Ligand SMILES: [Cl-]
Ligand SMILES: [Cl-]
Ligand SMILES: [Cl-]
Ligand SMILES: [Mg+2]
Ligand SMILES: [Mg+2]
Ligand code: NA
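Residue numbers (our numbering), protein chains in the order written: chain C, 8 to 113; chain S, 282 to 382; chain W, 492 to 598; chain H, 40 to 146.
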């Protein structure tokens, strides 16, 4: 170990954001839960340990999805997490798209 | 500061989000890639090429011009992703940039 | 082999099938990942193209566990001197399977 | 002013296109030799936009061979001074074709 990474995954719609990473501190999660709506919360779950936020009453179009990704990337960069890679898929039957963002420590 | 550029085809619709994006950078891209129009909430620049059709090769050329234009302005490419929507027949690609500072 | 070797790790779901390509991938790295991935079974070697393959036949990874699998692979490989450079993913509507690729370069 | 390169690969049959004004023909020839070796043909030049295109009409690549093609391209380019920065991919359900893009920078 000693090489911590972070994965943020975002599925739409409705928006469901998950954050995974062994060195991810709750204080980082709390900073992002204030940025993303700009009083919805991230809930913690184990195996694998992660934080999950669902915006049940929200619908994001392409522009607002771009804004969500940007706020996450900017918030995490300020916390010492650098963006290294991303990927995305769209599921034709559910009509949902999922995007993953991978970060490394500097 | 970071920047997200999103490009949907077809017709081409290019959106650029990032508070630190200069209007001078936007103008350089306009000449490289009709104009980008500014809109608030969220603050962004949007260019729509209604009378244009870009095939796979021209989509690659559009991405390259955007990346090269932004690199010269101090924005480094960090990641990308893409999806194709089977019902609309449209594909959307995102390009993420970070400042070299 | 002018300037530094590379790796490609591909993962298809479901069931999870992980493939690792790259001539410079040492068997010691493959063993470390074998211990890591279930925590988040062995890799078998096949030629033409040379690669390591692991199947988890009795497993069904939801989206969260897919993210955990990618993270364990990235972290394991980073500790071994392999830096993540890019990723991509597709979903096949007819098979219902998604495939994600992770590309690494030497430090 | 900074040169970048985009390599796009569509399957099946495999069609590889390379765009980037600063791409040397020596680099094109190197990849021309590497790509068939990864799966075991030439790249043709076309204008508007200027690019190199290779076909393998008599070939059908499974997911493993697609990974091998991407890896050979990345490794070949890295030796030529091109660093991998990003990738993306889509699958078209009606044509049954998948397209992957690989972006490289000289820096
Ligand atoms: Cl992607
Ligand atoms: Cl990427
Ligand atoms: Cl897709
Ligand atoms: Mg994709
Ligand atoms: Mg990507
Ligand atoms: Na990258």
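Idealized CB from N, CA, C, for every residue including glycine.
{"Query": "Specify which residues have a beta carbon nearer than 6 Å to any heavy atom of ligand 3, listing them in chain order.", "Result": "96/C, 97/C, 364/S, 365/S, 581/W, 582/W, 129/H and 130/H"}
{"Query": "Put residue 359/S into one of helix, strand or coil per three-state DSSP.", "Result": "strand"}
{"Query": "Which residue wins for smallest C-alpha separation from residue 557/W, given the options 25/C, 11/C, 8/C and 20/C?", "Result": "25/C"}
{"Query": "Taking beta-carbon pairs under 8 Å, can you tell me which members of the region 127-145 of chain H lie near chain S?", "Result": "127, 128, 129, 130, 131, 132, 133, 138, 140, 142 and 144"}
{"Query": "What residue does the alpha helix (DSSP H) around residue 343/S start on, and which one ends it?", "Result": "337-353"}
{"Query": "CA-CA distance, residue 307/S and residue 577/W?", "Result": "26 Å"}
{"Query": "Between the beta-carbon of residue 464/W and the beta-carbon of residue 127/H, is there less than 7 Å?", "Result": "This structure gives no information on residue 464/W, because the portion of chain W shown stretches from 492 to 598."}
{"Query": "List the residues of chain W whose Cβ lies closer than 9 Å to the Cβ of residue 77/H, in chain order.", "Result": "540"}
{"Query": "Using 6 Å as the cut-off, classify the Cβ of residue 578/W as near or not near the heavy atoms of ligand 2, replying yes or no.", "Result": "yes"}
{"Query": "Have a look at the DSSP bridge pairing and note the partners of residue 581/W.", "Result": "590/W"}
{"Query": "Would you mind giving the Cβ-Cβ distance between residue 112/H and residue 46/H, rounded to the nearest angstrom? I have them listed as a contact below 8 Å.", "Result": "6 Å"}
{"Query": "Between 62/H, 89/H, 80/H and 140/H, which has its C-alpha nearest residue 96/H's C-alpha?", "Result": "80/H"}
{"Query": "Could you check whether the Cβ of residue 314/S sits closer than 7 Å to any Cβ belonging to chain H?", "Result": "no"}
{"Query": "Could you run through the region 62-95 of chain C and flag, in chain order, every residue whose CB is less than 9 Å away from some CB of chain W?", "Result": "91, 92, 93, 94 and 95"}
{"Query": "Taking the CB atoms as reference points, tell me whether residue 145/H and residue 42/H lie closer together than 7 Å.", "Result": "yes"}
{"Query": "Specify the secondary structure class of residue 520/W as computed by DSSP and reduced to three states.", "Result": "helix"}
{"Query": "Could you pull the DSSP bridge partners for residue 250/S from this structure?", "Result": "Any answer about residue 250/S is impossible in this case: the structure gives chain S only from 282 up to 382."}
{"Query": "For chain C, check one thing: does any of its Cβ atoms lie closer than 7 Å to the Cβ of residue 283/S?", "Result": "yes"}
{"Query": "Below 6 Å CB to CB, which residues in the same chain sit around residue 76/C once its five sequence neighbours on both sides are set aside?", "Result": "none"}
{"Query": "What would DSSP say about residue 56/H, mapped onto helix, strand or coil?", "Result": "strand"}
{"Query": "Could you tell me the alpha carbon to alpha carbon distance between residue 324/S and residue 45/C, rounded to whole angstroms?", "Result": "12 Å"}
{"Query": "If we count the other Cβ atoms within 10 Å of its Cβ and call it buried at 16 or more, is residue 572/W buried or exposed?", "Result": "exposed"}
{"Query": "Between which residues of its own chain and residue 49/H is the CB-CB distance below 6 Å, once the five residues before and five after are set aside?", "Result": "136 and 138"}
{"Query": "The beta strand (DSSP E) spanning residue 83/H covers which residue range?", "Result": "83-85"}
{"Query": "What distance in whole Å lies between the Cβ atoms of residue 50/C and residue 59/C, which are believed to be in contact at a cut-off of 8 Å?", "Result": "5 Å"}
{"Query": "Return the bridge partner residues of residue 525/W from the DSSP annotation.", "Result": "Note: residue 525/W sits in no beta bridge, so no partner."}
{"Query": "Under a Cβ-count criterion, where at least 16 other Cβ atoms within 10 Å of its own Cβ denotes burial, should residue 492/W be classed as buried or exposed?", "Result": "exposed"}
{"Query": "Quick one: is residue 32/C buried, meaning 16 or more other Cβ sit within 10 Å of its Cβ, or exposed?", "Result": "exposed"}
{"Query": "For my contact list, residue 27/C and residue 13/C are in at a C-beta cut-off of 8 Å; report their separation, rounded to the angstrom.", "Result": "7 Å"}
{"Query": "What would DSSP say about residue 289/S, mapped onto helix, strand or coil?", "Result": "strand"}
{"Query": "According to the Cβ coordinates, are residue 40/H and residue 350/S closer than 7 Å?", "Result": "no"}
{"Query": "So who's on the other strand from residue 542/W, going by DSSP bridges?", "Result": "512/W and 537/W"}
{"Query": "CA-CA distance, residue 78/H and residue 99/H?", "Result": "10 Å"}
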